[PDB]
């Protein structure tokens, strides 16, 4: 149930790399490889981009990668493109012994 904290927004230029952070504590992010990332375009349903901190589902662009350092999980977007403009949410695994939580989300703007 523990809160996950994300910055309200991040802006980038096309071709640049951007990193979105998801900060928890040593008892959540720092202990489990269960942090996931969701992309949400305006007026659409979320889509899973990265799960289990760093695992990429097939179909997802290789420009999306995930990592963890201490109590912060990070989503990195390489070679920023117009279609990356969306809201990004981090979240933890939900089911069985795990209670679900999402970060407050990050609005990513691509400035053309």
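Positions refer to the first chain, counted from 1.
Residue-level temperature factors show residue 62 in the highest third of its chain, judged at the C-alpha atom. Split the chain's modelled residues into thirds by C-alpha temperature factor. Residue 83 is in the highest one. Residue-level temperature factors show residue 90 in the lowest third of its chain, judged at the C-alpha atom. Ranked by Cα temperature factor within the chain, residue 72 sits in the middle third according to the deposited record. The PDB entry assigns residue 106 a C-alpha temperature factor belonging to the lowest third of its chain's modelled residues.
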